[PDB]
>>> print(open('structure-v6.cif').read())   # mmCIF, C-alpha atoms
data_final
loop_
_atom_site.label_atom_id
_atom_site.label_comp_id
_atom_site.auth_asym_id
_atom_site.auth_seq_id
_atom_site.Cartn_x
_atom_site.Cartn_y
_atom_site.Cartn_z
CA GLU G 1 0.00 0.00 0.00
CA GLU G 2 3.10 2.14 0.40
CA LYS G 3 3.16 2.58 -3.36
CA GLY G 4 -0.17 3.70 -4.75
CA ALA G 5 -2.83 6.38 -4.29
CA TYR G 6 -4.97 7.40 -1.30
CA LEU G 7 -8.32 9.20 -1.21
CA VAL G 8 -8.35 11.70 1.61
CA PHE G 9 -10.98 14.05 3.02
CA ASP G 10 -9.97 17.53 4.11
CA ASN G 11 -11.92 20.27 5.90
CA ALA G 12 -10.90 22.66 3.13
CA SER G 13 -13.99 24.32 1.63
CA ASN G 14 -15.94 22.38 4.27
CA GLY G 15 -15.14 19.21 2.37
CA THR G 16 -12.44 18.39 -0.14
CA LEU G 17 -11.14 15.16 -1.63
CA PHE G 18 -7.46 14.57 -2.09
CA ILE G 19 -5.65 11.88 -4.04
CA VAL G 20 -2.09 11.35 -2.95
CA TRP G 21 0.35 9.90 -5.45
CA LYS G 22 3.15 8.64 -3.26
CA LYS G 23 5.54 5.84 -2.46
CA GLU G 24 4.77 6.17 1.23
CA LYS G 25 2.12 5.04 3.69
CA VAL G 26 -0.65 7.66 3.86
CA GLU G 27 -3.21 7.30 6.66
CA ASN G 28 -6.71 8.69 7.33
CA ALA G 29 -7.60 7.75 3.78
CA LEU G 30 -11.10 6.73 2.72
CA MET G 31 -9.98 4.90 -0.42
CA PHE G 32 -6.84 3.56 -2.14
CA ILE G 33 -5.43 2.75 -5.59
CA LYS G 34 -3.01 -0.07 -6.30
CA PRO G 35 -1.02 0.08 -9.58
CA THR G 36 0.01 -3.23 -11.13
CA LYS G 37 2.40 -1.63 -13.57
CA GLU G 38 4.74 1.32 -12.96
CA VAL G 39 3.05 4.49 -11.83
CA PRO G 40 3.36 7.67 -13.95
CA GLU G 41 6.23 9.71 -12.57
CA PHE G 42 4.83 13.00 -13.86
CA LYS G 43 1.88 12.46 -11.57
CA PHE G 44 4.37 12.25 -8.71
CA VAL G 45 6.57 15.16 -9.81
CA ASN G 46 4.05 17.64 -11.26
CA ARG G 47 1.49 17.15 -8.53
CA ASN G 48 4.26 16.77 -5.93
CA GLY G 49 2.15 13.92 -4.63
CA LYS G 50 -0.75 16.22 -3.80
CA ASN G 51 -3.87 16.61 -5.91
CA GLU G 52 -7.15 18.06 -4.73
CA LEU G 53 -9.92 16.35 -6.61
CA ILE G 54 -13.17 17.95 -5.63
CA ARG G 55 -14.14 20.59 -3.07
CA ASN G 56 -17.09 22.07 -1.15
CA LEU G 57 -18.54 18.61 -0.42
CA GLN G 58 -20.53 20.39 2.29
CA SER G 59 -23.08 21.69 -0.19
CA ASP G 60 -23.91 18.22 -1.45
CA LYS G 61 -22.96 14.76 -0.22
CA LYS G 62 -23.09 13.53 -3.81
CA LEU G 63 -20.02 15.62 -4.58
CA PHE G 64 -18.07 13.10 -2.50
CA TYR G 65 -19.46 10.41 -4.80
CA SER G 66 -18.32 12.30 -7.87
CA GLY G 67 -14.97 12.93 -6.21
CA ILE G 68 -14.66 9.17 -5.82
CA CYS G 69 -15.19 8.61 -9.57
CA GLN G 70 -12.46 11.19 -10.14
CA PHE G 71 -10.32 9.12 -7.78
CA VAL G 72 -10.88 5.77 -9.51
CA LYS G 73 -10.45 7.71 -12.74
CA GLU G 74 -6.79 7.93 -11.82
CA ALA G 75 -6.70 4.19 -11.18
CA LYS G 76 -8.32 3.50 -14.55
CA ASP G 77 -5.91 5.98 -16.08
CA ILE G 78 -2.67 4.35 -14.85
CA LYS G 79 -4.44 1.03 -15.19
CA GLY G 80 -4.26 -0.20 -11.64
CA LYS G 81 -6.73 -1.52 -9.09
CA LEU G 82 -9.22 0.34 -6.92
CA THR G 83 -9.57 -0.20 -3.18
CA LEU G 84 -12.41 1.19 -1.10
CA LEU G 85 -11.23 1.56 2.50
CA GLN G 86 -13.78 1.37 5.30
CA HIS G 87 -13.61 3.54 8.43
CA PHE G 88 -14.62 6.99 7.22
CA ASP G 89 -18.25 5.86 6.95
CA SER G 90 -18.40 5.53 10.73
CA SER G 91 -17.59 9.22 11.14
CA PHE G 92 -18.52 10.73 7.77
CA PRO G 93 -22.27 10.85 6.89
CA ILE G 94 -21.64 9.13 3.55
CA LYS G 95 -21.59 5.37 3.24
CA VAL G 96 -21.48 3.97 -0.29
CA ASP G 97 -20.32 1.01 -2.38
CA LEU G 98 -18.64 1.24 -5.77
CA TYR G 99 -19.49 -0.67 -8.95
CA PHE G 100 -17.53 -1.36 -12.13
CA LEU G 101 -18.81 -2.32 -15.55
CA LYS G 102 -16.85 -4.97 -17.46
CA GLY G 103 -18.13 -6.22 -20.79
CA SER G 104 -21.78 -6.83 -20.14
CA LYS G 105 -21.27 -7.71 -16.49
CA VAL G 106 -21.41 -5.39 -13.51
CA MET G 107 -19.14 -5.99 -10.52
CA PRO G 108 -19.29 -4.28 -7.10
CA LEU G 109 -16.18 -3.23 -5.19
CA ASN G 110 -14.96 -5.41 -2.35
CA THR G 111 -14.26 -3.34 0.73
CA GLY G 112 -10.54 -2.83 1.21
CA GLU G 113 -9.76 -5.02 -1.77
CA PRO G 114 -7.80 -3.91 -4.85
CA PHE G 115 -10.28 -4.55 -7.62
CA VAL G 116 -9.78 -4.47 -11.40
CA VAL G 117 -10.42 -0.94 -12.66
CA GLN G 118 -7.87 -0.84 -15.47
CA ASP G 119 -9.89 -2.31 -18.35
CA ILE G 120 -13.37 -1.43 -17.11
CA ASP G 121 -16.12 -0.23 -19.42
CA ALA G 122 -17.56 2.15 -16.87
CA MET G 123 -17.58 2.94 -13.15
CA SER G 124 -20.07 4.56 -10.77
CA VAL G 125 -20.43 5.41 -7.11
CA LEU G 126 -23.62 4.06 -5.67
CA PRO G 127 -24.89 4.37 -2.09
CA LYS G 128 -25.81 1.33 0.06
CA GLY G 129 -28.96 1.43 -2.07
CA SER G 130 -26.75 0.32 -4.95
CA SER G 131 -29.35 -2.06 -6.37
CA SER G 132 -29.61 0.44 -9.24
CA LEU G 133 -26.71 -1.37 -10.88
CA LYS G 134 -26.80 -4.56 -8.80
CA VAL G 135 -27.82 -7.08 -11.44
CA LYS G 136 -26.34 -10.18 -13.13
CA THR G 137 -25.58 -8.30 -16.34
CA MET G 138 -25.73 -4.66 -17.29
CA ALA G 139 -25.56 -2.13 -20.12
CA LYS G 140 -22.52 0.15 -20.20
CA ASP G 141 -24.82 2.97 -21.29
CA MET G 142 -27.20 2.36 -18.42
CA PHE G 143 -24.35 2.03 -15.93
CA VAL G 144 -23.21 5.62 -16.28
CA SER G 145 -26.70 7.08 -16.62
CA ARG G 146 -27.77 5.17 -13.50
CA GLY G 147 -24.68 6.08 -11.53
CA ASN G 148 -25.05 9.69 -12.62
CA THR G 149 -28.58 9.79 -11.17
CA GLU G 150 -27.06 8.11 -8.11
CA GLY G 151 -24.83 11.15 -8.31
CA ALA G 152 -21.57 9.66 -9.61
CA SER G 153 -20.62 7.89 -12.81
CA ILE G 154 -17.57 7.70 -15.05
CA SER G 155 -17.45 5.77 -18.32
CA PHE G 156 -14.91 5.04 -21.03
#
>>> encode(input="structure-v6.cif", output="structure tokens")
Amino acid sequence: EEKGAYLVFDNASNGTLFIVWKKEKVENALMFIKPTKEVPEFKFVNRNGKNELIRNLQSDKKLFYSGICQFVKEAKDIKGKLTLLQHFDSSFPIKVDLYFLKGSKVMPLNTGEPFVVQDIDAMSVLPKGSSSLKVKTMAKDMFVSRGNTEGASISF
């Protein structure tokens, strides 16, 4: 976990998400990214390891959802794995579970497990009421449109 990315929440703007690109162990993170192949150095150097994803989460809890898609976006960009850490949900009023689209099949994220995000068709951030996309097989077009109405989606 030392090498990878971490989703962090900051009190900036009464709610900001932060994705750390580092080779160190970041704590107090809500989510994580695990790269299988080498991680882009320019993301380390240009961002200096810090990148603020989305801000003012105060105004709308769904912004956190969207910020999450922006987070896994990085994972799908470098072609790694996405890990949803659990802990924040006990303190933060947002508890959700992530879903990926692969082929015609939809797959939910396993809590604290690096899950294949690299060659996904689409991704979305659904709340505990994730049954929107919780089916045996799914349309890539529906996946994003559904997740978007859930408040977060991101599709190739």
>>> atom_distance(input="structure-v6.cif", atom1="CA of residue 137 (chain G)", atom2="CA of residue 66 (chain G)")
23.4 Å
>>> residues_around(input="structure-v6.cif", residues="residue 127 (chain G)", least_positions_apart="6", cutoff="8 Å", atoms="all atoms listed in the file", output="MDAnalysis selection string")
chainID G and resid 95:98 150
>>> write_last_selection(input="structure-v6.cif", atoms="C-alpha atoms", output="PDB file, in the coordinates of the input")
ATOM      1  CA  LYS G  95     -21.590   5.370   3.240  1.00  0.00           C
ATOM      2  CA  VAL G  96     -21.480   3.970  -0.290  1.00  0.00           C
ATOM      3  CA  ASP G  97     -20.320   1.010  -2.380  1.00  0.00           C
ATOM      4  CA  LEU G  98     -18.640   1.240  -5.770  1.00  0.00           C
ATOM      5  CA  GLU G 150     -27.060   8.110  -8.110  1.00  0.00           C
TER       6      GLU G 150
END
>>> resolve_selection(input="structure-v6.cif", expression="the PyMOL selection byres ((chain G and resi 153) around 9)", output="ChimeraX atom specification")
/G:65-66,69,122-126,143-152,154-155
>>> residues_around(input="structure-v6.cif", residues="region 108-116 of chain G", least_positions_apart="2", cutoff="6 Å", atoms="only C-alpha atoms", output="compact mmCIF listing (two decimals) with C-alpha atoms, keeping the file's coordinate frame")
# COMPACT_ATOMS: atom_id res chain seq x y z
CA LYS G 81 -6.73 -1.52 -9.09
CA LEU G 82 -9.22 0.34 -6.92
CA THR G 83 -9.57 -0.20 -3.18
CA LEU G 84 -12.41 1.19 -1.10
CA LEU G 85 -11.23 1.56 2.50
CA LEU G 98 -18.64 1.24 -5.77
CA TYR G 99 -19.49 -0.67 -8.95
CA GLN G 118 -7.87 -0.84 -15.47
>>> resolve_selection(input="structure-v6.cif", expression="the PyMOL selection byres ((chain G and resi 134) around 8)", output="NGL selection string")
:G and (106-108 or 130-133 or 135-136)
>>> closest_residue(input="structure-v6.cif", among="G:94, G:71, G:13, G:21", to="residue 44 (chain G)", atoms="all atoms listed in the file")
G:21
>>> atom_distance(input="structure-v6.cif", atom1="CA of residue 16 (chain G)", atom2="CA of residue 56 (chain G)")
6.0 Å
>>> atom_distance(input="structure-v6.cif", atom1="CA of residue 119 (chain G)", atom2="CA of residue 53 (chain G)")
22.0 Å
>>> closest_residue(input="structure-v6.cif", among="G:7, G:30, G:78, G:72", to="residue 90 (chain G)", atoms="all atoms listed in the file")
G:30
>>> residues_around(input="structure-v6.cif", residues="region 1-5 of chain G", least_positions_apart="2", cutoff="6 Å", atoms="all atoms listed in the file", output="list in words")
residues 20, 21, 23, 24, 25, 32, 33 and 34 of chain G
>>> axis_aligned_box(input="structure-v6.cif", around="region 133-137 of chain G", padding_each_side="4 Å", output="JSON")
{"center_x": -26.7, "center_y": -5.8, "center_z": -12.6, "size_x": 10.2, "size_y": 16.8, "size_z": 15.5}
